[PDB]
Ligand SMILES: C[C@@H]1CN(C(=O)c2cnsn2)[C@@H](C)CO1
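As structure tokens, one chain now follows by itself in the form solved without the ligand.
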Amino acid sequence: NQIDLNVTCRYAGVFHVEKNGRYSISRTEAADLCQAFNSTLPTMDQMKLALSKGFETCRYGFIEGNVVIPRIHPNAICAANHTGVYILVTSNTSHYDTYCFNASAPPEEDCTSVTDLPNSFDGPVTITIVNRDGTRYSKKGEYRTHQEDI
């Protein structure tokens, strides 16, 4: 009963969260997960500021209202060479990664490790935050509030 949450640097308080290293988060689980990080889904404006601070990924993830990939550098295999906040227009499917926004974060690039999920609740799941440098923080708990997600 174990969940890995892969997280990134924060950029103006925005970071990327990838569940179990695969597209596997629904829109409702996304909201709950950001809540567990005392965070919210970013707005498009918040994402655009993050991007300007140096944030890019090669993964689809939820923000408030859309599924996007922030791109700085054009790369053929990431959002088809687009730069800027690329918006997913057409897809059959509903599960992606998520982005989260933490207002308490530093204003620009913060590439320190994440070492807590301060707002997770009581539960049976071993939840592991995995940083990009491999550093890990684990705790027993739960964050999903929708039965359909469990």
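Under this definition, the rigid core comprises the largest set of C-alpha atoms superposing within 1.5 Å between the forms. Heads up: residue numbers just count along the shown sequence, starting at 1.
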Fill in the blank from the handout: In terms of RMS C-alpha distance in 9 other deposited structures of this protein following rigid core superposition, 100-108 and 85-93 differ, and the farther one is 85-93
Practice task
Identify the stretch, either 94-102 or 112-120, whose C-alpha atoms have the larger mean B-factor according to the entry.
Solution key: 112-120
Exercise for the section: Check the entry's C-alpha temperature factors for 53-61 and 77-85, then say which stretch has the higher mean. Expected result: 77-85
Fill in the blank from the handout: Among the modelled residues of its chain, the C-alpha B-factor of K19 falls in the third labelled middle
Practice task
Quick one: classify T135 as lowest, middle or highest third of the chain based on its Cα B-factor.
Solution key: middle
Problem - Third of chain Cα B-factors occupied by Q35 - result: highest
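Here the subject shifts to the form deposited with the ligand bound, a form of this protein not shown in this document.
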Practice task
Check the shown form for clashes with the ligand: superpose the C-alphas around the site so the partner sits as in the bound PDB entry, and report blocked if 3 or more ligand atoms are within 2.4 Å of backbone or C-beta atoms, open if none are.
Solution key: open
Fill in the blank from the handout: Answer key: of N66, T28, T112, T43, within 4.5 Å of the ligand in the bound PDB entry (heavy atoms) is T112
Handout entry: Distance check, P118 to the ligand in the bound PDB entry, heavy atom within 4.5 Å
Key = yes
Exercise for the section: Pull the contact list for 32-46: residues with a heavy atom within 4.5 Å of the ligand in the bound PDB entry, in sequence order. Expected result: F37, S39
